[PDB]
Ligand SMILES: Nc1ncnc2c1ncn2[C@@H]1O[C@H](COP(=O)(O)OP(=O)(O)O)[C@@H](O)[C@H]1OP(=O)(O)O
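In the block that follows, a single chain appears as structure tokens, in the form solved without the ligand.
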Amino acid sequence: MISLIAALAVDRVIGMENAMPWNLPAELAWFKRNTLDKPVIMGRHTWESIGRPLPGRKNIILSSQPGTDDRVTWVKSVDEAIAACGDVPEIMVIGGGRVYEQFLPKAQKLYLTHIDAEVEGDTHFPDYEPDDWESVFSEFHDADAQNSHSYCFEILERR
């Protein structure tokens, strides 16, 4: 099955011109826990943002342009992206905006992190119909010594 995993600020903002203005090691820990040992599909801008391949995951980059790193797999279509995953129970799509838009229709589950940050965004997570999804897990946490903002983890399954 295909799952989308994203960190959304207020109004579903997911990206800005520069790095997001938050320091959330706990959110990254959740991201790692939910993607480890699974293929991850991302767009080129997300790839460039991370800076290196994610350890212990098969990194797949969906892009019309040519491959710059021998450490990951470059694909040119959703179909190719999928085929590169092989036979695994779950494929994780990690962004950005355009990639989420192309995979939403095929997605069965969403792993969302809602962050209480008001920012002017560049890209936003596609509008989802809350009547179409069932929340099966939610957990709220306040900002603390290491995390700059409050956040809530949520997992939704398609009804």
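In this text, residue numbers run from 1 along the sequence as written.
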| remark: Stretch with higher mean Cα temperature factor, 106-114 vs 128-136, is 128-136
| request: With reference to the PDB entry, specify whether the mean Cα temperature factor is higher for 63-71 or for 96-104. | output: 63-71
| query | When the CA B-factors of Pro55, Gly43, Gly51, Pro39 are compared as recorded in the entry, which is the largest? | reply | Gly51
| message | According to the Cα B-factor stored in this entry, which of the following is highest: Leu4, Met1, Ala7, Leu156? | response | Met1
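The same protein has a further form, the form deposited with the ligand bound, not shown here; the description that follows concerns it.
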| said: Taking the ligand as it sits in the entry with it bound, is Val78 in contact with it (heavy atom to heavy atom, 4.5 Å or less)? | reply: yes
| said: I'd like to check something about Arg44: if you look in the entry with it bound, is any of its heavy atoms closer than or equal to 4.5 Å to a heavy atom of the ligand? | reply: yes
| said: Please tell me whether any heavy atom belonging to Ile91 falls inside 4.5 Å of a heavy atom of the ligand, as the geometry stands in the entry with it bound. | reply: no
| Does the ligand come within 4.5 Å of any heavy atom of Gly97 in the entry with it bound? | yes
| task | Would you give me the residues of 53-90 that have any heavy atom within 4.5 Å of the ligand in the entry with it bound, in order from first to last? | result | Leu62, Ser63, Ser64, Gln65, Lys76, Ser77, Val78
